[PDB]
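**Q** Below are the structure tokens for one structure; questions will follow.
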Amino acid sequence: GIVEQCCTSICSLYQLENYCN
Amino acid sequence: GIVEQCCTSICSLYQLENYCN
Amino acid sequence: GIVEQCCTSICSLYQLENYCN
Amino acid sequence: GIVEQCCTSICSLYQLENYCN
Amino acid sequence: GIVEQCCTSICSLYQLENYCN
Amino acid sequence: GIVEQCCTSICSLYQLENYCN
Amino acid sequence: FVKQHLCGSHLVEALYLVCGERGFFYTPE
Amino acid sequence: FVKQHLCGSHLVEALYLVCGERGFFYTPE
Amino acid sequence: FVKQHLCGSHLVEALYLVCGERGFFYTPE
Amino acid sequence: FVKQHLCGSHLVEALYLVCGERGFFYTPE
Amino acid sequence: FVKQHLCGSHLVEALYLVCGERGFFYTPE
Amino acid sequence: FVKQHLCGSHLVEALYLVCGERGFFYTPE
Ligand SMILES: [Zn+2]
Ligand SMILES: [Zn+2]
């Protein structure tokens, strides 16, 4: 999930785009 | 410069990358 | 909707609860 | 105190109202 | 008071120190 | 560096002034 | 609670404080 | 309203959200 | 764009930055 | 330091940076 | 990404999300 | 002025507060 991808691991803005409508 | 542009106009995250170290 | 209302008018924390998952 | 109640333990907005004037 | 001043005018971090506990 | 001075150790606003232009 | 005037990112902050790790939907119209 | 850990700056931001123009006291001791 | 740890309020602020008026869903489970 | 123009939650943030865990009073008039 | 309208401290937040611990320069003109 | 731990986004927000229109450099290495 987003927490695993971005908070516990690391992400940049491209992965965050996955959660936009 | 960018600081002015982002506030009076609009700006891009792509432009902001030019300010990283 | 809520996003508009909270900015142009006023809104309640009670209204915001309807947006939780 | 507020740190114990809300930071080390957990609180919601109702407990926070206790610290309003 | 300070809250009004900082928003309608300008204020100093030195003034803000008078509000610490 | 600033992380050592201010994040791992502690600093106040006077030390932060060192990083202003 | 007091009524809210919340624009831009301030609304998102408020949704996080209301919902937290339950999650929420930020849905402009 | 969720119960969550609210610390430091995030805790005083939450006090602002709930209290607003009433004002608040942040006195962690 | 750097990859970094984005958690809690900071994570939803980043979603706001990237998504804006499109809206987003924050559903950590 | 530079002078400040601080409205809403930005003033609270500034009080936290000046006072910290000493605590502070947010007191609109 | 969406275009940005970023004033004051919001621009700094955005630079941190773009650059992170790489660092960055905040340079008004 | 209190001495405190200032990290990440909170550290660059504090640099904004102190430096403002002078600008700043955030170069953690
Ligand atoms: Zn703001
Ligand atoms: Zn934080």
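Values quoted throughout were computed directly from the atomic coordinates according to the rules given, and no laboratory measurement underlies them. All Cβ positions, even for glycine, are placed from backbone atoms using ideal geometry, and neighbour counts span all protein chains on display.
**Q** So the label point sits 7 Å from Cα along the Cα-to-Cβ vector; using that for L:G8, what distances do you get to the other copies, in nanometres, sorted shortest first?
**A** Label-point distances to the other copies, shortest first: 0.9, 0.9, 2.2, 2.3, 2.3 nm.
**Q** Now a separate question. For the rotation that superimposes chain G on chain L, which residue of G has the C-beta lying nearest to the axis, and at what distance in Å?
**A** Per the G/L rotation axis, the closest residue of G reads G:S9, 6.
**Q** Sticking with this structure for a sec: In a Debye calculation with equal point scatterers on the alpha-carbon sites of the protein assembly as shown and no solvent, what is log10 I(q)/I(0) at q = 0.14, 0.15 Å⁻¹?
**A** -1.14, -1.35
**Q** Just to confirm the numbers: A:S9, label point 7 angstrom along the Cα-Cβ line, distances to the other copies in nm, shortest first?
**A** Copy-to-copy label distances at A:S9, shortest first: 3.7, 3.7, 3.8, 4.3, 5.4 nm.
**Q** Using a label position 7 Å from Cα in the Cα→Cβ direction, what is the ascending list of nm distances from I:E21 to the same site in the other copies?
**A** 3.0, 3.0, 3.5, 3.6, 4.4
**Q** Here's a follow-up. Of the cross-linked pairs J:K3/K:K3; G:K3/H:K3; H:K3/I:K3, which ones have a Cα-Cα span greater than 28 Å in the structure shown?
**A** J:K3/K:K3; H:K3/I:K3
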